[PDB]
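To keep things clear, I will list the structure first and then write my remarks on it.
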Amino acid sequence: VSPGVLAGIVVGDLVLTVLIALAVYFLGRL
Amino acid sequence: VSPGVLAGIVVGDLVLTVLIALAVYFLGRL
Amino acid sequence: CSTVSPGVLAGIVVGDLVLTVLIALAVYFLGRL
Ligand SMILES: CCCCCCCC/C=C/CCCCCCCC(=O)OC[C@H](O)CO
Ligand SMILES: CCCCCCCC/C=C/CCCCCCCC(=O)OC[C@H](O)CO
Ligand SMILES: CCCCCCCC/C=C\CCCCCCCC(=O)OC[C@H](O)CO
Ligand SMILES: CCCCCCCC/C=C\CCCCCCCC(=O)OC[C@H](O)CO
Ligand SMILES: [K+]
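Laid out in structure tokens, this is it:
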């Protein structure tokens, strides 16, 4: 796999992890 | 890391990410 | 071919999981203030 893909994966991971953490949190606020 | 291996890591990690968030909030409201 | 070391890969995955815990904790702690 290419470093270009991996750059997307790593940064994507950071972003999605924050979004998931916050989505799950506010789901629990319903 | 092959594309197949990377794909398994992406999927497994995101499932686990959702559950970890869920678990932290669950424990936190006990 | 740039073969990645299994030790590094294992380390980074665990690293991600620990960071994930930390992110969830941060949300939790700041959320309840
Ligand atoms: C679909 C439900 C998945 C729930 C599983 C929880 C695993 C949690 C581990 C995550 C770290 C990343 C490793 C993920 C490894 C699991 C998936 C897998 O083995 O992938 C096979 C891949 O196609 C060839 O490596
Ligand atoms: C094959 C691999 C299978 C993958 C599975 C590995 C799961 C590992 C544990 C994750 C912590 C999640 C614990 C679940 C927390 C329970 C919270 C709960 O039941 O309450 C629901 C909610 O909080 C009320 O709306
Ligand atoms: C992605 C999960 C982040 C884990 C955070 C754990 C705590 C910090 C320790 C190490 C972070 C650095 C390791 C991850 C970034 C290094 C690998 C990398 O940069 O991959 C890019 C590659 O060059 C292709 O573009
Ligand atoms: C919207 C896009 C969403 C994308 C979702 C991504 C989720 C990836 C899952 C776990 C992060 C761990 C990634 C581990 C693979 C990269 C680290 C790696 O193998 O790098 C070792 C190398 O030696 C250093 O450059
Ligand atoms: K993650």
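Residue numbers (our numbering), protein chains in the order written: chain A, 6 to 35; chain B, 6 to 35; chain C, 191 to 223. Using N, Cα and C, we set each Cβ at its ideal position, and we do this for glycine too.
One finds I213, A214, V217 in chain C with Cβ atoms closer than 7 angstroms to the Cβ of A/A26, taken in chain order.
The shortest C-alpha to C-alpha distance from C/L215 to any of A/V23, A/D18, A/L32 is the one to A/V23. The beta carbon of B/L11 sits closer than 7 angstroms to none of the beta carbons in its chain outside the five residues before and after it.
For A/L11, the shortest separation between its Cβ and any heavy atom of ligand 1 does not lie below 8 angstroms.
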